[PDB]
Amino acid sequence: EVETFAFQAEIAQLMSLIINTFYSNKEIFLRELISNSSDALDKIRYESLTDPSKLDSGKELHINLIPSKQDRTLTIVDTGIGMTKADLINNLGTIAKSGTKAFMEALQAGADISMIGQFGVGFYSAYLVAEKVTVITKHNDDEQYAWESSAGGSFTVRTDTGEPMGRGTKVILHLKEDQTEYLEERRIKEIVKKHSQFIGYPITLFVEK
């Protein structure tokens, strides 16, 4: 079964701002997702120091960037700590409430959308370029789940029926029709060089066949 949920009110409001406000500097979404992956890799690496079995689901710690011009998707894959069902439905939204309110306040005071990561809600910058986001994720202590939202106030969670991940997270960006530049190998290279050239895990930009 597929379960459908309403976003926290502040988060639905934030998504509507992101999806609708005119802002040309959309490329910052990739830096934010890569930063999130780095944070998740940091966390499983840290936990493995006192419990090495936490890496039985996979010893490699890396980030992969996978464009698909055919599917019009850009996928960010990490082997980080992954997200639980409770993370997807409640916990990550709850911790984002105060940062979301503060961010939207700062936007009214003159801040820029590119500061979204400094408020801890950089995940939602995905909707600068994506009409729908699918998140496939697997935490050691939980099953593999698929989260999905096209904004509009709601999201779904279901147990994943795809191939097992071991552990980590795949963020699948279903790009807007006019945002296909983020499938170009040279555009992705430019963005990664510019924003996140100091990330401590191997980042591999897959080439299309």
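Note that residue numbering follows the sequence shown and begins at 1.
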| property | result |
| --- | --- |
| Per the entry, higher mean C-alpha B factor between 159-167 and 38-46 | 159-167 |
| Between the two ranges 50-58 and 27-35, the one averaging a larger CA B factor in the entry | 50-58 |
| Deposited CA B-factor, highest of 107, 74, 77, 81 | 107 |
| Assigned third (lowest, middle, highest) for the C-alpha B factor of residue 102 | highest |
| Chain-wide C-alpha B factor ranking for residue 94, given as lowest, middle or highest third | middle |
| Among modelled residues of the same chain, the CA temperature factor third for residue 15 | lowest |
| Relative C-alpha B-factor of residue 179, binned into the chain's lowest, middle or highest third | middle |
| For residue 64, the third of its chain into which the C-alpha B factor falls | lowest |
